[PDB]
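The chain below stands alone and is given as structure tokens, in the form deposited in one PDB entry.
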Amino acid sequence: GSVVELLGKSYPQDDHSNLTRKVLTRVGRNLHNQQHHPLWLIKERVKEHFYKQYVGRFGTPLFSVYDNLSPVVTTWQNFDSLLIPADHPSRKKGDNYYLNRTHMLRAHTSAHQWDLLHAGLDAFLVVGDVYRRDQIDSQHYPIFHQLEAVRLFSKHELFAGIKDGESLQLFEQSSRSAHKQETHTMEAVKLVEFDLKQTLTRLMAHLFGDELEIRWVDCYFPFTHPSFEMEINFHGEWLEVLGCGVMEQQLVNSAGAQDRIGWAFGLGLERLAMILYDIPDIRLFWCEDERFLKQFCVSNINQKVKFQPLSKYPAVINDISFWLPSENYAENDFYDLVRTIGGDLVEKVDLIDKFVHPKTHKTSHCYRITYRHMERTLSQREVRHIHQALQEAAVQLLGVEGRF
């Protein structure tokens, strides 16, 4: 192509330019907004915590969210503004999706970190979709989303609530130790790290509970100094969820906060929403079968769910109707006998009709049992025995008169 139009804009090409048809379809999909989409939950699920938990100044929260931003970011943005050196590994063409040499599809939300600073925000969140060209397996995929967050602080406030003897210039000419920026102070550092570590420890528990195995491991980031990587154990093996550290000053000073300090952090909604929901193969996140997108109904974000596998095989539906016996009979009783008699491979049951006979005045119910194996395709003959093993069981043990 001579050019490529993405969002009311067309971009030239070159040996950098490498966007595939496949990938491209996705862009603008903005999944972290399909409301009842796991990814979105984690957004308010996280948007909320911060709303309640923090509010600097009056009733205006300090963490102002941005959930709809242009993935198509310049280059200076995604790399340069974050002090990322030239020829740095992560600038490999076969890792990033470039439109042209100077414009690409943000590899990380950390790309906006600079603009927002410059602007005026001193505290914010950015939830979006990002791309990274790579494999496609259980835990990796062309496209995913990130929730990034950032907070700054005032020199007369970082400390403040301290034995008010202001002999604490939030930063000097020291030196970069594996523990602080050459232009930072231990007291200042140790604090925000606490806040950053703090805010995060707090935020996690809120989401997961307080029975989560979590630790910090030291790491590296071109745009943060003390860098830590929050990992979370579950299933027996420790998994990872985010990246964070204080903010690199140069980065800040360059922007519009020559006299401030702060921390940044961005997490992977797929990662979180995967443990928090027991969805194993990231890919599923792009499934459309009701059997999926719905498992995440709930009238409350903070509510919890536990992914039901979901077999991609022919289902074999049968119906069973019976007249109800007076006085004793509750729905959940019949839902268990089904799940008891030939259960384990039922997937779903629905009440498809409540008929109150006009003359006998006896009630009838019609349940729709959706048989469906997870490994093979089930035959009518294989099933029926099960269904039948419920017709002569539903009677005896439930006290119904079987319309069959």
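The term rigid core refers to the most C-alpha atoms you can superpose between the two forms while keeping them within 1.5 Å. Residue numbers run from 1 along the displayed sequence.
Unshown form deposited in another entry; subsequent notes refer to it.
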Q. When the two forms are laid on each other by their rigid core, does residue 28 show a Cα shift of 2 Å or more between the shown form and the other one?
A. no
Q.
Aligned on the rigid core, do the two forms place the Cα of residue 324 2 Å or more apart, comparing between the shown form and the other one?
A. yes
Q | Direction of the Cα shift between residue 374 and residue 138 in that other deposited form, where the change is 3 Å or more | A | closer
Q. Between residue 122 and residue 61, do the C-alpha atoms lie closer or farther in that other deposited form than in the shown form, with a difference of 3 angstroms or more?
A. closer
